[PDB]
């Protein structure tokens, strides 16, 4: 009654209870109903959440994801559960099994990608395994033996096929590949996507989340689904997409995560005596994408910009993605101090009306801000976790600690919500969201 929050032990227990409850056997759904399949970057965070519970099962989560890797190295953003419906677009709509030459056999997947947080999950698994003794280390090391090549092929596909011009930024062909479907970042690029005759469909997502203020609009879904038509028309061929896609953007946040992931995987490579050529390529990509991210930045504030490849235009918006350079490093000293002032100030974590000192997905002072509407404003625990972990890696121990503390305070209601209203703290999106439980589990230690 007086305090509906849970203690740290109750919260850790409920988080673990949730993760096991979303386990289908060898894959964990991203949420019970809204996302009843395996999503790529959710699966990485699920592996992080499972590592304190079972290193073996955390490795299983990544093995399942990597078993769905495309022939060319791409990790698709959905690995569909066998016989499960209730998410749209589902496998019939993607038609990758029939159309895509590089699609896996004996797995059904989507035909687009998602950010490469996977190396970070591998590091957390290895860190847990090393505290657990010989048998558990052997599990994690056997996973490295079995999957190091697949991880390399994933990073190599990103570096070679989504950065064809060696600019150090990743090109996306769908806003879904950013992880942030309706971010204001993509609005001006989506405005130039004009659907042709689009085959009939009915959304599933807003049958589960019925409050229209919390999900994208019908007109946005028409553009999301039209881009699918464009990809299917060229049978998901990498070489043909640049010629046909109505949406081609360089995603600076994805690019910064890739830089970090390359550096992380390179250090794993050195510690576990992987091939020197692989380690050298990883360090090369880490520096290439760090530089690519820095090249986008405002010289006064450090804020990173996305780039619309079709319009040949920097995309200037006020979202959390602006803070990409903080994740990967590389900014000059003065510019990074300015970027931190922006982060901590009244446009983001310093905004006087926020319930928690956390990073809203869109600045509350932006014209684009909508406090309930998915990536247009709400506070996302997954981002809080990713920022806190990257900040700790930068050496910003107190900044990381504060994000963790506020994230745990927000999460102490036990809803494990997908995102939270930034002013009232109301849980929004799906409840029982796996990567929110995973963030809590990793934080609580």
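Numbering follows the first chain given and starts at 1.
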For the higher mean C-alpha B factor in the entry, choose 61-69 or 42-50. 61-69
Which has higher Cα B-factors on average according to the PDB entry: 170-178 or 221-229? 221-229
Between 107, 335, 288, 118, which one tops the list for Cα B-factor in this entry? 107
In terms of CA temperature factor as recorded, identify the highest of 267, 312, 344, 295. 312
Quick one: classify residue 417 as lowest, middle or highest third of the chain based on its Cα B-factor. middle
Residue 162 - which third its CA temperature factor falls in, relative to the rest of the chain: middle
Quick check for you: using the entry's CA B-factors within this chain, is residue 100 in the lowest, middle or highest third? highest
Looking at the temperature factor on the CA atom of residue 82, which third of the chain's modelled residues does it land in? highest
Lowest, middle or highest third - CA B-factor, residue 371: middle
